[PDB]
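Visitor: Here it is, the structure, as structure tokens.
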Number of protein chains: 4
Amino acid sequence: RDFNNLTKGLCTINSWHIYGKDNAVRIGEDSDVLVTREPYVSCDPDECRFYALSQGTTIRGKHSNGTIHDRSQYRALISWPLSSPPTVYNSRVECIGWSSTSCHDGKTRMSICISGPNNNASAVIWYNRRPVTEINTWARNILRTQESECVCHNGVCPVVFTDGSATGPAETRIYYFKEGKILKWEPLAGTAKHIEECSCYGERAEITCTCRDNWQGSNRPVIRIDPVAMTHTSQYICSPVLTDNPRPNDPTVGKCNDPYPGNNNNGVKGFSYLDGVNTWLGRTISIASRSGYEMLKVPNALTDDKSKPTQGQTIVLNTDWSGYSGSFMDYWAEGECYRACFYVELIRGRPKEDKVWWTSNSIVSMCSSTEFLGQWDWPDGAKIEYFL
Amino acid sequence: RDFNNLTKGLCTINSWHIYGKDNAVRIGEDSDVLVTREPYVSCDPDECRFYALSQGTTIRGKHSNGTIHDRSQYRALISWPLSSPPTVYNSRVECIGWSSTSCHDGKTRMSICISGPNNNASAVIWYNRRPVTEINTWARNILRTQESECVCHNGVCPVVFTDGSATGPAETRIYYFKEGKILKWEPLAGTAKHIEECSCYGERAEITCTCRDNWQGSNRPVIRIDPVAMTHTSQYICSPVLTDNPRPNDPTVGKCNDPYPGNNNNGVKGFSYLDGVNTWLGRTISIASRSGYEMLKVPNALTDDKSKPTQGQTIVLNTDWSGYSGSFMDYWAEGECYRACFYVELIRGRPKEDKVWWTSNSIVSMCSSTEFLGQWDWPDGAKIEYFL
Amino acid sequence: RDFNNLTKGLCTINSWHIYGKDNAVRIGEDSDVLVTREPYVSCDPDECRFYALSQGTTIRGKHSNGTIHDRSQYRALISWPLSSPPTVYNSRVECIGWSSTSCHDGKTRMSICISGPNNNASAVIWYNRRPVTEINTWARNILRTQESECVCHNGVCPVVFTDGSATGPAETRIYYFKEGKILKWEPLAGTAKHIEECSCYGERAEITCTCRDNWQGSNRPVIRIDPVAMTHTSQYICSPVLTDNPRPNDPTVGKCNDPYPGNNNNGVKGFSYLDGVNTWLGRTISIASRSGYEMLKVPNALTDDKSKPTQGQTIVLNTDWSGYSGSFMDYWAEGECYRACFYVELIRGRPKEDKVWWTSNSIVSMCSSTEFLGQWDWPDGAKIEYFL
Amino acid sequence: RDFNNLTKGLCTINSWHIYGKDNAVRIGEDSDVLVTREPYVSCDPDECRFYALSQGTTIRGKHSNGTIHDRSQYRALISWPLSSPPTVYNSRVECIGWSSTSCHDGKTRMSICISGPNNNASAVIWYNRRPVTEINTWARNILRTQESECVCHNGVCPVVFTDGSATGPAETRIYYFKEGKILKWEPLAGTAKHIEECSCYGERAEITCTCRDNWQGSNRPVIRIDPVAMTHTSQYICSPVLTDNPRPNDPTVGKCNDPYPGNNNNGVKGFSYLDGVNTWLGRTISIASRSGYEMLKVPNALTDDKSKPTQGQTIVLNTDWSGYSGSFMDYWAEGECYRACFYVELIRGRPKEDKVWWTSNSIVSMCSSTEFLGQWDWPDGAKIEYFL
Ligand SMILES: CC(=O)N[C@H]1[C@H]([C@H](O)[C@H](O)CO)O[C@@](O)(C(=O)O)C[C@@H]1O
Ligand SMILES: CC(=O)N[C@H]1[C@H]([C@H](O)[C@H](O)CO)O[C@@](O)(C(=O)O)C[C@@H]1O
Ligand SMILES: CC(=O)N[C@H]1[C@H]([C@H](O)[C@H](O)CO)O[C@@](O)(C(=O)O)C[C@@H]1O
Ligand SMILES: CC(=O)N[C@H]1[C@H]([C@H](O)[C@H](O)CO)O[C@@](O)(C(=O)O)C[C@@H]1O
Ligand SMILES: CC(=O)N[C@H]1[C@H]([C@H](O)[C@H](O)CO)O[C@@](O)(C(=O)O)C[C@@H]1O
Ligand SMILES: CC(=O)N[C@H]1[C@H]([C@H](O)[C@H](O)CO)O[C@@](O)(C(=O)O)C[C@@H]1O
Ligand SMILES: CC(=O)N[C@H]1[C@H]([C@H](O)[C@H](O)CO)O[C@@](O)(C(=O)O)C[C@@H]1O
Ligand SMILES: CC(=O)N[C@H]1[C@H]([C@H](O)[C@H](O)CO)O[C@@](O)(C(=O)O)C[C@@H]1O
Ligand SMILES: [Ca+2]
Ligand SMILES: [Ca+2]
Ligand SMILES: [Ca+2]
Ligand SMILES: [Ca+2]
């Protein structure tokens, strides 16, 4: 009933514990599970849920053929109970479209879906499950947003959008929403040169987003937002522990204010928690494909251009498929600190497994522990041969 | 807890944004989706839902054979969560029958289903999910009603019924319900010559219904209802932009008080928003079949017999199947005006696609934006060949 | 929150309107619908539901083979939303067993299931969805009860049980429950000679049950219960309009205090509303099998041994299968009178349709109207050939 | 809203009445039922539910192949409505892992799941459906817990864990949780020599757990816990009525403080109610396999090393498969005493039925009656041949 404020710091991250896993592809082999991609997790004050972009067809359905494609009229933001699969029967549609974000402000939820042709897309902003505001494309080139949850502070929920080229300069804007209405927007500033798919979290009245530089950067750009002043800055993770994909091999020195070069015109959505010595980065294990997943403790990664790992945890083996990854937290949990969480999208099917005509995924997520817990690896678990 | 009153005017309609889409036929290829037709959308104070007439069988079911037929003992008004498909497992039965309307009065919902043989049908009026009033056929020839939501003002919810010929004069009545009980009824008056399937909306204490003249009219008849005085008038859309189907080509001058001739004994359910310069008409793109769908801004369409379009938006391409269309609004949304919405029924199967033995549909709906948003088209999306 | 009292009389029954229909066999041809039999309907203060005895298998399932049998360890009382089918996914288990009754007292629901071998059955009485009281077989021969709803007055809910022979004298008891606990029980008294499967309703502080005399009677026995005094009487419907099945042809004079002879050791569950001139009897149309269903207005049927029909309504054609029938009312509806309702079980499969190895049913129900409504017939609607 | 206290004694157990049965394997032959094992039952103040460890696949699914294995990344604690089957669509995930316990403290529920590799497992303790505490393996050898409900008193919920060898001494700890946080833990004390899979219940401020001595004991070890002092003792059931499996034949004298020998390195989860003369033991009927199930009244079983049965009830015939068994009660029921309940896991498939490639189960549960009720037997009911 009151707006949530980001009054807590991050809990100390000494390891990662299992939080949720839906095993959707394994289950959907013989049940009515929707084809998805671009998943995430997001909490309300009373419940945490899985989110994704449906493809408007089940995996066993004949319409799963062609679901490698990102943008169609048959996609929607859906949510469903934590660690359940996204089924026809339990999935709740938040809005229609092929790019999305969602977050709860303490009173109710804002959800945003973008749809349309590449040269004529529009965002619709829903609040309390009703449409409130619409925003037309400004650069006529795939208006797109975070693909993971936004974050609110005292009713203000900033959102990062990009419109324009994926392979060159583009037009990124930060919109400050309150009750679904635009209070303010700003063009991107600071030293980040290209922004896509920001993964955001909040602590002590500041919002930190780790994004994707698709054009040039194999280091990740970072936007930090003041939701009270409604202003921001941007830079890159200084660390030579490079966290995009594909990427070149790790150097000994990163770049703070420019893209680390070697790979152009590609990338993957990812995240980090940047908190002094309590800093952890996620990356694919493979430098070449969306394969494996690990967390690395890299003290002062944001500001130290020579920072290297001091601790890690494997999440997905390099012999298993990963995908997108992003940040969320339960802002309504008990205790004195916010417990960092993340999910990894485990992509199955095309293009890496082309004996099937579909592309989908399942989800695994973890939250931080102050213990030093033993590690397991967490693969999707399905046998593609079963679908043949 | 208090009855809703129609105290707001329409918001300015500068374009249409995507509101919901269930992709039911695509999904139902490989999941337990009910065969439907005659869908619509209707809001409660806390939730908006999809509605339709079930055929009492799934699409993949063997009993889907013969579902081209309109009236059987196996039909029911069902509702289900917005943008979900109507499945066996999530569909809520409102009442039994093969013609329906439904609306929430601010306190609770009235639903009306008609059933019976052609010469002996009866309406049952449910209120708060209990049967309250029954009305026997008066002309012994397919008692039938709106096939989209009714509208209430201070507890009074008028409903348009017709009984008698589809190809000649018939007996249309306006019933004024309150808490499921008949306060009053009137025979149709004014200059409309035949009435079927009224699509209604409310603003500033007046209810406007755009209907179907099946007998002679390719322009659409309009009934306007005063729910306080419980009186009405009727006429036609004066505009030469003709909105029934099938229809002749558009002339340069319409008819205000008579059917525009050229096509007899056929039609399709449709709608309009008639609000001075803020007037938008829906129509099929094709003059010959239920094919394509567009919105056209036609200032003063109701009263100006030479009014032509000043703006439009394609909703469904002429190379895709459409169907019935109708009006609803979220009367319980925030803000200072009512946002116009509509749905289009996207019919698949018979008679146009006769390699399958069924007829069903999916739903797409839009609401108005005060922005000038880019357009997409929104087809059903299923491949009939998959069902062979 | 207070116990319901039976303070109203019956509404005037001038005809019957459609109330609910699940089309379960049609739907279950291609969806996960449970095999059932012995269905009924029962209301809570906020909701009316369908009830039946599951067979613990779907209709398309291989375990549907053998479901002609009445009593197994795999049966349960289930309930589900009105006019939905009883599916694996929406069916709520009330208790385990192969004979049941259920009713809401205004505060919460009592449900009773009997299970066990023929010579060692026991009833368990649940109240507020917890087990409270148990009753062991007293005659060691299929302890059994109503197979339709019980009725409560000020917290007292009487229930009719029988234990002993189906083809000879047996031991019938009336148990008076309050909050799941036995206040009192009585052995059957009056002139009814054999009692099974009582269909009960309540009005003006009196409960009337129309039952099945399996041993000798083709007229139906009637128990009338005073739930305040906790006493009862019994007799037969005096009317020569005979309402059991199988039965001989109607005579011109019935029997008030003895079984009307001609058919031994068989019958079907049925019901009536006995209310002076406002008296309506249900029966199968066929005298030989569970085929067709009609309602007949038979003024003073209970007390007039020459009473004949003055009005009727066909519910199911004689060319369609029927089955069990029973009474319920919405005791929590608005208005000044209780509206009589009933359901008919539409049995499909064995023994009448033996090309399938299963037996199941769907449900149709009607409530009374004070109008003289036109009639339709309401068959199950499934094609058995589809299941071959 | 207040913590529950164990203020009542056990009701007198004169027999066992049927409480719930899901028939999951029968149903899942033709519906989307999850593969499970290690089930139990547990009540909240408003609802009792079935619980089990999913295998993250349906039974008909191709991924059911290999589900004989106990520990994978695809397992989760799920719960679902009482006597329903665990389906994809109705199952709620409590946490991720391959060993679990769960209990409600009167205010909210604690659930515990352990996951990880054998040498590096960890428990996560959820409370109010959020992760609160984590515990790393202490002996690096399959950290594991009860596989049935825990019990709380004034907010304190003790839990028994074991880590280390299954075939030798191991390290068992009793953790005392309150609101998901560790108040205290103790190493196992008393004369029990090996502890696994404790089945617990509470009465008069004391918690009694009957466990599994896998290493040496065919009598069952017992831990009794004081949740106020947070202290415990342990011993064995003195009775010569031996209740583990496999086991040697019953002797005439048991052992109170040592394992009864004859069978090493194997066992099954089981339970008892130890209450002076009101003492009942469950066991498999077979001494060799998980076959049959009976309850035996064995006065003073705990303390009398010559105690023999005075009464019994067969639950599952020796010609039917059983499995794990455990205790729960509805601590929130009305009345003056706690009614003892239990479930039996009915395992189907491997290793005993190896013509199928899966292993799963269904559930049956009973609660005590103060009547002397007739008995039935309660098999799983599925035909394995149907799955071939
Ligand atoms: C809105 C949209 O189409 N987003 C798509 C993006 C963009 O193509 C890139 O961010 C380049 O801008 O990336 C994906 O293709 C990918 O890499 O898996 C998936 C995603 O659906
Ligand atoms: C999941 C999986 O099998 N990953 C393998 C990948 C992929 O096969 C290709 O990168 C895709 O083209 O290749 C590796 O050489 C790599 O990139 O580190 C090794 C890894 O074992
Ligand atoms: C009650 C009823 O049968 N309504 C049917 C109507 C009427 O036939 C026409 O309005 C003529 O009166 O139109 C349809 O056939 C149609 O055109 O798709 C469908 C609809 O189910
Ligand atoms: C969805 C679709 O394919 N529509 C086509 C229709 C139909 O084929 C017929 O009208 C049905 O008989 O025909 C058109 O000539 C028309 O009417 O404008 C062109 C349009 O492309
Ligand atoms: C408890 C029980 O077995 N009830 C069964 C009864 C009894 O056999 C009769 O009432 C004779 O007592 O009738 C049926 O067989 C029937 O006629 O369709 C179905 C029902 O399940
Ligand atoms: C549903 C149905 O087909 N009913 C028919 C029944 C059954 O075939 C047999 O009674 C069953 O053995 O037979 C009749 O002669 C009858 O009894 O009145 C006519 C009726 O048309
Ligand atoms: C955590 C774990 O693996 N538990 C497994 C246990 C242990 O192996 C034994 O208790 C020996 O410690 O027993 C089972 O194998 C069994 O006997 O059916 C099933 C269960 O899943
Ligand atoms: C369910 C079942 O069939 N149980 C039978 C079992 C099993 O076949 C084997 O014990 C498994 O190997 O064997 C018995 O000799 C036994 O142990 O008492 C008899 C019993 O009838
Ligand atoms: Ca990049
Ligand atoms: Ca027309
Ligand atoms: Ca009889
Ligand atoms: Ca053992």
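We name chains A, B, ... following the order of the structure tokens; residues begin at 1 in each chain, and ligands are numbered from 1 as shown.
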List as an NGL selection string the protein and nucleic acid residues lying within 8 Å of ligand 4, with only C-alpha atoms and all ligand atoms counted.
Guide: :B and (285-292 or 317-322 or 352)
Visitor: If we count only C-alpha atoms, what is near residue 328 of chain B at a cut-off of 7 Å, once residues fewer than 6 positions away on the same chain are taken out, given as a PyMOL selection string?
Guide: chain B and resi 41-42+149+201+341-342
Visitor: Using only C-alpha atoms, can you tell me which of D:19, D:357, D:280, D:126 comes closest to chain C?
Guide: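 With only C-alpha atoms as the atom set, the closest residue is D:19.
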Visitor: Check the DSSP output for the backbone and give back, as a PyMOL selection string, the residues of segment 5-112 of chain B in strand (DSSP E or B).
Guide: chain B and resi 9-10+15-21+33-44+47-58+76-81+87+92-96+99-104+109-112
Visitor: Excluding same-chain residues fewer than 3 positions from segment 301-308 of chain A, what lies within 9 Å of it counting only C-alpha atoms, as a PyMOL selection string?
Guide: chain A and resi 222+235-241+251-256+274-277+279-281+296-298
Visitor: Can you pull out every residue with an atom within 8 Å of ligand 9? Use only C-alpha atoms and all ligand atoms and format it as a list in words.
Guide: residues 212, 213, 214, 215, 216, 217, 218, 219, 220, 244, 245, 246, 247, 263, 264, 265, 266, 267 and 268 of chain A
Visitor: Compute the set of chain B residues within 10 Å of chain C, using only C-alpha atoms, and express it as a PyMOL selection string.
Guide: chain B and resi 31-34+55-64+72-76+78+87-97+113-124+126+128-137+140
Visitor: Got a sec to check which residues lie within 9 Å of ligand 5, using only C-alpha atoms and all ligand atoms, and send them as an MDAnalysis selection string?
Guide: chainID C and resid 37:38 53 68:71 98:100 114 118 142:145 147 162:167 195:197 212:215 265:269 323:324
Visitor: Could you save those same residues with N, CA, C and O atoms as a short mmCIF file (atom, residue, chain, number, x, y, z; two decimals), in the first residue's frame?
Guide:
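Final output, saved to again-v6.cif:
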```cif
data_model
loop_
_atom_site.label_atom_id
_atom_site.label_comp_id
_atom_site.auth_asym_id
_atom_site.auth_seq_id
_atom_site.Cartn_x
_atom_site.Cartn_y
_atom_site.Cartn_z
N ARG C 37 -19.93 -41.20 -12.49
CA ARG C 37 -21.35 -41.54 -12.51
C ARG C 37 -21.92 -41.04 -11.18
O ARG C 37 -21.19 -40.49 -10.34
N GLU C 38 -23.23 -41.17 -11.01
CA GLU C 38 -23.89 -40.70 -9.77
C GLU C 38 -23.60 -39.19 -9.49
O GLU C 38 -23.20 -38.82 -8.38
N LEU C 53 -19.24 -39.02 -8.51
CA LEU C 53 -18.29 -40.04 -8.14
C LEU C 53 -17.32 -40.37 -9.28
O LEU C 53 -17.65 -41.07 -10.22
N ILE C 68 -18.03 -49.73 -15.76
CA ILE C 68 -19.40 -50.15 -15.45
C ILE C 68 -19.58 -50.50 -13.92
O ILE C 68 -20.65 -50.31 -13.37
N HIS C 69 -18.52 -50.99 -13.27
CA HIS C 69 -18.62 -51.44 -11.87
C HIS C 69 -18.79 -50.24 -10.96
O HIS C 69 -18.17 -49.19 -11.17
N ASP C 70 -19.63 -50.40 -9.95
CA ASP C 70 -20.05 -49.31 -9.05
C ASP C 70 -19.08 -49.00 -7.93
O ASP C 70 -19.05 -47.87 -7.44
N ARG C 71 -18.31 -50.00 -7.48
CA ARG C 71 -17.63 -49.88 -6.20
C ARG C 71 -16.20 -50.40 -6.35
O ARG C 71 -15.98 -51.58 -6.60
N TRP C 98 -17.45 -44.67 -2.63
CA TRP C 98 -18.29 -45.06 -3.79
C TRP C 98 -19.77 -44.83 -3.56
O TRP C 98 -20.59 -45.34 -4.33
N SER C 99 -20.08 -44.03 -2.53
CA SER C 99 -21.45 -43.58 -2.25
C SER C 99 -21.33 -42.31 -1.44
O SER C 99 -20.46 -42.23 -0.56
N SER C 100 -22.16 -41.31 -1.73
CA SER C 100 -21.94 -39.98 -1.14
C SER C 100 -23.18 -39.12 -1.00
O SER C 100 -24.23 -39.35 -1.64
N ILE C 114 -18.87 -43.12 1.69
CA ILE C 114 -18.84 -44.49 2.21
C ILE C 114 -17.84 -45.28 1.35
O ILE C 114 -17.82 -45.12 0.13
N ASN C 118 -18.21 -54.95 0.45
CA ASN C 118 -19.66 -55.05 0.65
C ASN C 118 -20.08 -55.38 2.08
O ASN C 118 -21.09 -54.88 2.56
N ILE C 142 -23.42 -53.51 1.87
CA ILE C 142 -23.32 -52.28 1.08
C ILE C 142 -24.06 -51.11 1.76
O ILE C 142 -25.13 -50.69 1.30
N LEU C 143 -23.50 -50.65 2.87
CA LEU C 143 -23.88 -49.35 3.44
C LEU C 143 -23.86 -48.30 2.30
O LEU C 143 -22.87 -48.21 1.56
N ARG C 144 -24.95 -47.56 2.12
CA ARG C 144 -25.09 -46.64 0.98
C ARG C 144 -26.01 -45.45 1.30
O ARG C 144 -26.77 -45.50 2.25
N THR C 145 -25.91 -44.37 0.53
CA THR C 145 -26.66 -43.17 0.87
C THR C 145 -27.23 -42.53 -0.40
O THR C 145 -27.48 -43.24 -1.38
N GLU C 147 -26.68 -40.17 -2.97
CA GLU C 147 -26.15 -39.83 -4.33
C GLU C 147 -26.71 -38.50 -4.86
O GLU C 147 -26.73 -38.26 -6.09
N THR C 162 -29.10 -46.50 3.84
CA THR C 162 -29.65 -47.84 3.85
C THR C 162 -28.50 -48.83 3.92
O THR C 162 -27.45 -48.60 3.33
N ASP C 163 -28.71 -49.92 4.66
CA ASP C 163 -27.75 -51.01 4.75
C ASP C 163 -28.57 -52.32 4.76
O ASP C 163 -29.55 -52.44 5.50
N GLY C 164 -28.18 -53.28 3.93
CA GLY C 164 -28.90 -54.54 3.83
C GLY C 164 -29.29 -54.80 2.39
O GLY C 164 -28.77 -54.18 1.48
N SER C 165 -30.25 -55.71 2.21
CA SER C 165 -30.63 -56.19 0.90
C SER C 165 -31.20 -55.12 -0.04
O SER C 165 -31.93 -54.23 0.40
N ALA C 166 -30.90 -55.27 -1.33
CA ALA C 166 -31.51 -54.48 -2.41
C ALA C 166 -32.77 -55.16 -2.98
O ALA C 166 -33.44 -54.62 -3.88
N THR C 167 -33.05 -56.38 -2.51
CA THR C 167 -34.09 -57.23 -3.11
C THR C 167 -35.02 -57.85 -2.04
O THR C 167 -35.53 -58.95 -2.22
N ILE C 195 -36.11 -48.34 0.86
CA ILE C 195 -35.60 -46.97 0.60
C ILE C 195 -34.15 -47.00 0.10
O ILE C 195 -33.28 -47.69 0.69
N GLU C 196 -33.91 -46.27 -1.00
CA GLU C 196 -32.58 -46.06 -1.55
C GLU C 196 -32.48 -44.70 -2.22
O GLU C 196 -33.48 -44.18 -2.76
N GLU C 197 -31.28 -44.12 -2.21
CA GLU C 197 -30.98 -42.94 -3.05
C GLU C 197 -31.99 -41.80 -2.96
O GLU C 197 -32.53 -41.36 -3.98
N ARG C 212 -36.13 -44.25 -3.90
CA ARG C 212 -36.21 -45.40 -4.81
C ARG C 212 -36.56 -46.64 -3.98
O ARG C 212 -35.82 -47.02 -3.07
N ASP C 213 -37.72 -47.24 -4.27
CA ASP C 213 -38.04 -48.56 -3.73
C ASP C 213 -37.52 -49.60 -4.72
O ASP C 213 -38.18 -49.90 -5.72
N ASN C 214 -36.32 -50.12 -4.48
CA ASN C 214 -35.72 -51.07 -5.39
C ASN C 214 -36.42 -52.44 -5.39
O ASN C 214 -36.47 -53.11 -6.41
N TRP C 215 -36.97 -52.84 -4.24
CA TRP C 215 -37.44 -54.19 -4.04
C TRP C 215 -38.75 -54.46 -4.80
O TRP C 215 -38.81 -55.38 -5.60
N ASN C 265 -36.89 -55.71 -7.82
CA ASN C 265 -35.44 -55.82 -7.74
C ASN C 265 -34.71 -54.94 -8.75
O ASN C 265 -33.68 -55.34 -9.29
N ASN C 266 -35.22 -53.75 -9.03
CA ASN C 266 -34.53 -52.82 -9.91
C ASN C 266 -35.15 -51.44 -9.76
O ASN C 266 -36.15 -51.29 -9.07
N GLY C 267 -34.57 -50.44 -10.40
CA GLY C 267 -35.07 -49.07 -10.23
C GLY C 267 -34.05 -48.06 -10.73
O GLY C 267 -33.06 -48.44 -11.34
N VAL C 268 -34.30 -46.78 -10.46
CA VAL C 268 -33.35 -45.73 -10.79
C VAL C 268 -33.54 -44.59 -9.76
O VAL C 268 -34.65 -44.36 -9.30
N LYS C 269 -32.46 -43.89 -9.41
CA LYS C 269 -32.61 -42.72 -8.55
C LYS C 269 -33.44 -41.65 -9.28
O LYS C 269 -33.20 -41.39 -10.46
N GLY C 323 -30.67 -41.38 -17.12
CA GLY C 323 -30.01 -41.98 -15.97
C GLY C 323 -30.63 -41.45 -14.69
O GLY C 323 -31.83 -41.19 -14.63
N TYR C 324 -29.79 -41.31 -13.67
CA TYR C 324 -30.17 -40.82 -12.35
C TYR C 324 -30.70 -39.40 -12.46
O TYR C 324 -30.30 -38.67 -13.36
#
```
Visitor: Between atom CA of residue 199 of chain D and atom CA of residue 184 of chain D, what is the distance in Å, rounded to a tenth?
Guide: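 Rounded to one decimal, the two atoms are 20.6 Å apart.
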